[PDB]
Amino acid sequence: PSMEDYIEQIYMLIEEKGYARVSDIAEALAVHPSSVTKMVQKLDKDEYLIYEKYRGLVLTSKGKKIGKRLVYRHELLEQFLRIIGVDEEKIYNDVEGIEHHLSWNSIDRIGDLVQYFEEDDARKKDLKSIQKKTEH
C-alpha cells in the first residue's frame, strides 16, 4: 500500500480502538508485519507519528490532520459513487483504487457535486431518469 494507505488505516484504528497495533495494521492492509514496521519507520522519520514505550504508535498533529483528510476523502468518494448509482458492491474497491490519485481540486469539485444532489432530491430523480434513457 501507499504511505497514505497506512496513515488512513492507522487513524481509523486509533478512532475505533484507541490504539494501532502493528498486527491490526498488517491485517487491515493484508500485508506482512515487516512491511508495516518499515512503513512505520518512514512515517516516524517524516513526523507523522511517534512510538511510545507504553502507548505504542501515536499520531503527531501532522499525522492526525492527514489521517482525518484521508478518511474524509474516502467517505466522500463512496458517497459520490453511491449517489450516481454505482452498485454498492463495487464502490469500495473503486474508491480504494482512485482515492489517493485525485487532486484536491477534483476532490473538492466532487464534494460540490455531492452537495448538488443532496440539496434537492429532484436532481437525483432526474439523473435516475437519464440512466433509464441511457439504458434503451
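Each residue number is its position in the shown sequence, starting from 1.
Asks: Checking the other entries of this protein that model its neighbours, is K42 missing in at least a third?
Replies: Modelled in all the others, so no.
Asks: Other compared entries: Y54 unbuilt in at least a third?
Replies: Result for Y54: often missing, at least a third of the compared entries.
Asks: Could you settle it for me: does 102 to 110 or 64 to 72 have the higher average Cα B factor in the PDB entry?
Replies: Going by the record's values, the stretch with the higher mean is 64 to 72.
Asks: Out of 43 to 51 and 83 to 91, which one has CA B-factors that are higher on average in the deposited record?
Replies: The stretch with the larger average C-alpha B-factor is 43 to 51.
Asks: Sort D126, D24, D120, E16 by C-alpha B-factor from the entry and give me just the highest.
Replies: Highest CA B-factor of the listed options: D120.
Asks: Could you say which of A30, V36, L77, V58 has its CA atom at the highest B factor, as listed in the PDB entry?
Replies: Answer for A30, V36, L77, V58: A30, with the highest C-alpha B-factor.
Asks: Among the modelled residues of this chain, does the Cα B factor of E8 put it in the lowest, middle or highest third?
Replies: Within its chain, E8 is a lowest-third residue by C-alpha B-factor, going by the deposited values.
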